[PDB]
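What follows is one structure encoded as structure tokens, with my remarks underneath.
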Amino acid sequence: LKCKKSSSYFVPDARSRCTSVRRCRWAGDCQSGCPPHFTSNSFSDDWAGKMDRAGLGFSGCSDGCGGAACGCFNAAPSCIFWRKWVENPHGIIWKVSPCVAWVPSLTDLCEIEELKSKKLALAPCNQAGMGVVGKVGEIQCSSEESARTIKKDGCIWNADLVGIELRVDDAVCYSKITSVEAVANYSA
Amino acid sequence: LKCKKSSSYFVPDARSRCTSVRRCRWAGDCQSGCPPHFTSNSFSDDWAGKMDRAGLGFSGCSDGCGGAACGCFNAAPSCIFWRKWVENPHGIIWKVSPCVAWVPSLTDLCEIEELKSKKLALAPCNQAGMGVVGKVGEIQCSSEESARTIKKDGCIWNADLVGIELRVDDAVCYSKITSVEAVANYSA
Amino acid sequence: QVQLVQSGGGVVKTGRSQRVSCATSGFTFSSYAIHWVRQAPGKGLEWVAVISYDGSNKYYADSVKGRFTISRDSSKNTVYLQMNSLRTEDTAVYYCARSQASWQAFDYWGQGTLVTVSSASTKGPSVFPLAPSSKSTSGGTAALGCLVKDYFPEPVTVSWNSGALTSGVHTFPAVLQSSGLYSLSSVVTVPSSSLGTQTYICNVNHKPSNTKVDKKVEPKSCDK
Amino acid sequence: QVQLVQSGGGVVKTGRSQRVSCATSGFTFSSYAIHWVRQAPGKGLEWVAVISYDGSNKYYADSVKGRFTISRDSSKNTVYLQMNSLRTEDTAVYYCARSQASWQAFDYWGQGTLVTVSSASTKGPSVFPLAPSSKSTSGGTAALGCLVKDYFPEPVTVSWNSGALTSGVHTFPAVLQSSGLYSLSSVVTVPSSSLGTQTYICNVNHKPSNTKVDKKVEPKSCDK
Amino acid sequence: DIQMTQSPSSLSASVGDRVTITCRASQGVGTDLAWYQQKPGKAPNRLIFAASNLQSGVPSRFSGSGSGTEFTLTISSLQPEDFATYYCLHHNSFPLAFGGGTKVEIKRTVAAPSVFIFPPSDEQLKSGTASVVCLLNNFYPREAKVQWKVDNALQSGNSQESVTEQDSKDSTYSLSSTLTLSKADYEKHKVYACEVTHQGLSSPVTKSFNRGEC
Amino acid sequence: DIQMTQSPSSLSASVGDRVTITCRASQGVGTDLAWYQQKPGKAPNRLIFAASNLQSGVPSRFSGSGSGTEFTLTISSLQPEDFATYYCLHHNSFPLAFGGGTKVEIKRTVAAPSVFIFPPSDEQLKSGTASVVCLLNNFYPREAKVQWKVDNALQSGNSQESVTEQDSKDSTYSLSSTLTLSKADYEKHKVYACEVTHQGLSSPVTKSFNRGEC
């Protein structure tokens, strides 16, 4: 048997990061909560700016504690601006090809070719253009170049693959990203 | 046909009278109303005192108008004492004799002999000893002397054969007494 | 002054007994006969019975003869009417009145003792609202009320806004439904324009069951 | 501070529909998923449904999946739960709470907006007495109460002597009878010697039917 | 047995008027007859005894007369308090007996009722029975005909009525008719009407409601 | 589907104590687990997330721990407010799910209930149903068995119970049981009793009334 390849996409080797900066009420932005002009694609100049403003990821803001024990003069309701994102730190990419029909020479199989190693694998994967959580291609980039750094431009995803939870002075990333590597050594 | 006569009684010519005197609270009879020691056989020394103190007749008392408008100073509701009685002014007497059975020579017939005129008559009458309103012998006396002045002693009656109705300064007798003469000239 | 004081009314089951009594002052008790006259609710006067000056003569109306007793107690200055095998129609205010001969007119009356004879048993009033709409807009003056239904025994007193809405009210006399429970109503007219700004609450008293009931009658939409 | 304000509760007939909603401030509304959890009366928490940061993914428990819808209005900062084919069991206080991903734990909650789903219809409370006697004399201290029986829908608020009897009261949770109408109770301890010198009145306020009821609880004679 | 019939059963008259009630017996009752004044829910008073004697203390404007089977009570000048129900009593034989009575009400000008209709409340329907209420309000004279029609079909027997006493401020009555029906019969129909016939209305007035709209 | 069991279902503890509630799952839930404090009829609060992180603002005397299928919420030193119900939630998969809950109440000395019995009123009887109520009053602990006996025949099914929350001033409860029967069944019988079994009572306490003498 052999695989019938339809419209195929690339999967990046995603590691989930996230960050937060807490500005008190007075750092301009901060008012009776967060400014409404901050959105799920807004950036702050403060979040340790090595982070790629041209990348795939989600942002947001919240009130924190206001208090004389809470970092803000006067007990001021403070802003916490945060961004959760994915990144491809070691530059790895897989060519993923959904098999439409198995053909002689187990629905939902796909070839997973690694791109440097030319390592192949067979596994369940999403059909192209569906950041369905759980499966190979939760995060799908439409180009080897976008899979290389996961640009918001070339790539799709659900942004609920990464959860974040804030504390007083930082936050804690949680990652539900199914590792390609963890389905493609078992099924290589 | 003849009357089989049981015992016989006397009936008087009873003409019904009454009188009343009103005494003030300040008087000596009157306290917070009527004396309880006044009864249907007490007399007042004050009445229109011609009264035959041994005769058949009835007494009583009630509060009247008391005020600065009814003869007694200080606005005191005053006492009115009254006697309703029967009297036999002309000494007339009839001997009545019930017929136990009619015997040859309808029920509850009686021979009624007048005693001066000796004129005889027949009419229904009460049996001896029953002061039954309606029939001859409402008032029954046990002796010609008793019927001559309707002695309290020899004579019986209902006292409701005579009614009184009080007014302010006198009273109004009523008589329900059946007259012998009005039953014994039609059937004489 | 002459007086006659009744006592002994109450509720009584159909078929049972009752004793009303009449205690007199002012006169010489054992010289007068006493009569009982009864009045069903809102009906005429009816003569019940009479006892003579001494108790010897008793006469009775044809409707209770064979079921009622009159009697008298020389010492207490009192006359008693006993009522046996009582029936529903016997419900009335029982007045006792003086009469000198047993056949004369009565002169001084009693205040009445009420007797209510029913197979019914004490129940609380269900109070319902009678809600205004444009089905009661009569010149920009509207009419609203409370229907006080299915209680026993009378009276329930219905009042509006705890005293401050009096003018223009009518509380109707109870009816008695085939059940043995009372159905009275109570209404007021107010101006249509106050129908949105003014709250209207009726206060129903059923102290025969120690119940008290407040109801808010609010507008309903009857022009759909 | 982060805040979330629900609204839209009420009673509704079994089989019909309801919509409760959640309006948020303090944070970046359309960066957060929102969850709905309900609490049946006197039960635990049960997880109902969730709408992700953008509405794209909604998940529902096994009991309301197929009957509930979640949705969200970015401009009003609102999340809506529509609840159709309502059934009796769905009766609960409904809470909305924040979560960043659609699967994390909730952090800040709403105040709960209550939904009552019943085949019943508004009724007034029947108020009956619970009278003290020699059957509730426990050391010279007696207990007297009100039975507020056969009503719909909650709450009835019970007070005693219009309030000046507080100490020693127990107002019970309503129960729900096979009928479908609530049977709550209410009791107070008193000292026995006051049962004749002191009057005891309970005041039941059921504004869901604009009803108020005062009941006078007095002793009864049980020693014949 | 003797029967006392009064007439007119009731009359309407005004202050200053002369008033004459007639009591009539079905047998002789001689002069054993008496007249009583009863203001509402109060103890009657004796006005007249012996058929002609003024009860001591009753005003001189009162007077009785008659014998046999006819008696006439006569107030020369009705004064405001003289409004009451008035009764004759014959005490010529046992059992005694009263007359029907004559109510003497206030006469005022002709006034038509306001009519309002209240459908059964929801809280009442829900328990199983519907009381439709018709109100005729602030009208004179006391007489009024109230018929209930259910979809233009006249009902008969299922009504009760009740009237207030002549009001203290306008001399007008108010009738309330309570129409009690089963919840199942109430819901079987749409248009409920009470139809009022009064001296103050040129043709009868209908007040109705359509059940679904309420 | 995952099934979350807490234990103890409810416990009694006092100020200064150490407290340990355990939540347990029927499958792996990793560390996706969270602990909430709910006082009655109030907003639930989050205490713990990630199975071990102290929610920002929560007291240090709280701590969570666990993984896999067992999790432990831990108060080092119970403070007066910490009395509440406490629930776990597993968000490892959809559908999410809560745990049963653990009620942590005040512990006090053992106290016996006052027991009183109330027969149905006339105003209620006469309309057609009789609710007998048994009251157990001011007792600790909450556990009590209420058995209804009708003429020395134990009843079953016609009762409801209802308990107040632990009173705010002595830490004592009170239960009321409503026994509903038809008037026809009520009138068929003479001696009615409620029987209370409680720890503070050395023998079960029976309080009765006998129908006729009232």
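Protein chains in written order, with PDB author numbering: chain D, 627 to 731, 774 to 856; chain A, 627 to 731, 774 to 856; chain B, 1 to 224; chain E, 1 to 224; chain C, 1 to 214; chain F, 1 to 214. Built from N, CA and C at the ideal position, the CB exists for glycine as well.
| Item | Value |
| --- | --- |
| Residues that F/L154 bridges to, as DSSP identifies them | F/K149 |
| Where E/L4 falls: helix, strand or coil (DSSP) | strand |
| Residue 242 of chain C - DSSP class collapsed to helix/strand/coil | Summary: the structure shown does not reach residue 242 of chain C, with chain C confined to residues 1 through 214, and so no result is reported for it. |
| A/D828 - DSSP class collapsed to helix/strand/coil | helix |
| 7 Å Cβ cutoff met for D/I780 and D/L834 | no |
| Cα-Cα separation, E/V169 to F/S159 | 23 Å |
| Neighbourhood of B/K58 by C-beta, 6 Å cutoff - its chain only, sequence neighbours within 5 removed | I51, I70 |
| Within chain F, the residues that B/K123 reaches when beta carbons sit closer than 7 Å | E123, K126, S127 |
| Beta-bridge partners of D/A791, as assigned by DSSP | D/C778 |
| Positions along the segment 183-200 of chain E whose CB lies within less than 8 Å of some CB in chain B | none |
| Cross-chain neighbours of B/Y59 in chain C, by beta carbon under 7 Å | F94, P95 |
| Near-chain E residues of the segment 670-691 of chain D (beta-carbon distance less than 8 Å), N- to C-terminal order | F684, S685, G686, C687, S688, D689 |
| Within 7 Å, strictly: CB atoms of B/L147 and B/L130 | yes |
| Supposed close pair E/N205, E/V156 - CB separation, criterion 8 Å | 7 Å |
| The segment 191-208 of chain E / the segment 145-157 of chain F touching (three or more Cβ pairs under 8 Å) | no |
| Positions along the segment 18-32 of chain B whose CB lies within less than 8 Å of some CB in chain A | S25, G26, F27, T28, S30, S31, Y32 |
| Contact the segment 785-802 of chain D vs the segment 1-12 of chain E: 3+ CB pairs below 8 Å | no |
| E/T189 - DSSP class collapsed to helix/strand/coil | strand |
| Burial state of A/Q657, where buried means 16 or more other Cβ atoms lie within 10 Å | exposed |
| Integer-rounded CB distance, given that D/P703 should sit under 8 Å from D/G659 | 7 Å |
| Cutoff 7 Å: B/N205 Cβ touching any chain E Cβ | no |
| is_contact[E/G9, chain F] using C-beta, thresh 7 Å | no |
| Any chain B beta carbon closer than 7 Å to E/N210 | yes |
| Short CB-CB distance (under 7 Å) between C/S162 and chain A | no |
| Chain A contacts made by the segment 86-115 of chain B, where a contact means CB separation under 7 Å | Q100, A101, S102, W103, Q104 |
| DSSP-derived helix/strand/coil call for A/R816 | helix |
| C-beta neighbour in chain A for C/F71, strict 7 Å | no |
| Pick from E/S102, E/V188, E/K43 that is closest to F/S176, judged by C-alpha positions | E/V188 |
| Bridge partner(s) assigned by DSSP for B/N203 | B/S159, B/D214 |
| C-alpha distance - F/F71 paired with F/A50, whole-angstrom precision | 11 Å |
| Through-space distance from B/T116 to C/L181, alpha-carbon basis | 27 Å |
| Close beta carbons around residue 215 of chain C, own chain, < 7 Å, minus the five adjacent residues each side | The first residue shown for chain C is 1 and the last is 214, placing residue 215 of chain C beyond what the model contains. |
| Interface residues of the segment 822-834 of chain A facing chain C [CB-CB below 7 Å] | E833 |
| CB of B/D214 within 7 Å of CB of E/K212, strictly | yes |
| Contacts around C/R46, its chain only, beta-carbon distance under 7 Å, and the 5 residues preceding and following it disregarded | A34, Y36, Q55 |
| Top-ranked residue by Cα proximity to C/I106, from C/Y186, C/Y192, C/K169, C/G212 | C/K169 |
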